[PDB]
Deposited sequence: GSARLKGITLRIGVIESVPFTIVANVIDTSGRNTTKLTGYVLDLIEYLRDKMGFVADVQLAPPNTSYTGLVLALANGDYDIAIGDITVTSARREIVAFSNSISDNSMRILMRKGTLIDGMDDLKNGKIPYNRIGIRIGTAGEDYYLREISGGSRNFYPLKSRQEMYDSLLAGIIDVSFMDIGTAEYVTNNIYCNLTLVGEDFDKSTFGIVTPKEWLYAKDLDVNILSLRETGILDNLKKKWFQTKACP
């Protein structure tokens, strides 16, 4: 069957990833967290349009994207919204909404690094333990399928912060990120970093839902309507069209 989400409480899993989901520690005299970003704005549009009660739950620190999907499949959340890549392995265990965004990956490196693209990584110009890969992500899947043939011979990373510190501290030479956030970091957060080469792994982001979900149609119709009316485009411009770096 199918039904409307009007009146329904949804526990919505979100995962820290600037500027999709931005976590601010604030004291207001008690310490609390404030969430903002593209994802929280999207949640507000959907809530206002669909009438569900949003119960937004931030995934614990160092939760992987795979861990978030597994947690939903196990019943810890009703839906999960973020920069979450739709993959065949995930689709085996959860469903996804219509796409909220196209996606691809790029190679991130320190400026001045003598790398010109993916060919250098595939030909072994960089030792493999100096390629940083965020575990439990689509980038790990790609690496294992296309670069290393199954072997996790990369340098593992648990958060964007560890990627930052490792690259800057010269522990790794490159890493992989989704293009939207990769552009964002190199343009606003770490000006010493840059993107190199062509993008790869063309893909999409989707809202994660349970398989065979009662509310699949209601969510999909609404997401498509936001796509059609330019709301998703506006949110992308709002949160991603910025460059603080000189």
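**Student:** Map the modelled residues onto the deposited sequence and report the uncovered stretches in sequence order.
**Tutor:** Missing CA coords only at 29-30.
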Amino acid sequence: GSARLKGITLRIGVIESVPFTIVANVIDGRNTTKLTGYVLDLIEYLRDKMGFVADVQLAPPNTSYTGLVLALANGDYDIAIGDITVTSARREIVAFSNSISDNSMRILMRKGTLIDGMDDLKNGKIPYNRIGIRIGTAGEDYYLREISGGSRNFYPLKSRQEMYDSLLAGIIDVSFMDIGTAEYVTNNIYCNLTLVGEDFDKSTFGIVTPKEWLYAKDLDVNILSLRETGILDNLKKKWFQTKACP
From here on, numbers count along this sequence of modelled residues.
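Each form is matched to the other, and the largest set of C-alpha atoms that superpose within 1.5 Å is called the rigid core.
**Student:** Do the Cα atoms of 75-83 stray more than those of 154-162 in 5 other deposited structures of this protein, or is it the other way round, with the core held fixed?
**Tutor:** This comes out as 154-162, the stretch further from the shown form in 5 other deposited structures of this protein.
**Student:** Do a third or more of the other compared entries leave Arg30 out of the model?
**Tutor:** Missing in at least a third of the others, so yes.
**Student:** Would you mind comparing 169-177 and 101-109 for me and telling me which has the higher average C-alpha temperature factor in the entry?
**Tutor:** Result of the comparison: 169-177.
**Student:** Looking at the deposited entry, does 64-72 or 202-210 carry the larger mean Cα B-factor?
**Tutor:** Higher mean C-alpha B-factor: 64-72.
**Student:** From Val39, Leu219, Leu195, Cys191, pick the one with the largest CA B-factor in the entry?
**Tutor:** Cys191 has the highest C-alpha B-factor of those listed.
**Student:** Can you pull the Cα B-factors for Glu140, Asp78, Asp119, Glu92 from the entry and say which is highest?
**Tutor:** If I rank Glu140, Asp78, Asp119, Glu92 by C-alpha B-factor, first place goes to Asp119.
**Student:** By its CA B factor, does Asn25 count among the lowest, middle or highest third of the modelled residues in the chain?
**Tutor:** Highest third of the chain for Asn25's C-alpha B-factor.
**Student:** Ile133: which third of its chain by C-alpha temperature factor?
**Tutor:** It belongs to the middle third of the chain when residues are ordered by C-alpha B-factor.
**Student:** Would you check the entry's CA temperature factor for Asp83 and let me know if it's in the chain's lowest, middle or highest third?
**Tutor:** According to the entry, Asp83 has a C-alpha B-factor in the chain's lowest third.
**Student:** Could you place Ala182 in the lowest, middle or highest third of its chain by Cα temperature factor, using the values in the record?
**Tutor:** As the PDB entry reports it, the C-alpha B-factor of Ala182 lands in the middle third of its chain.
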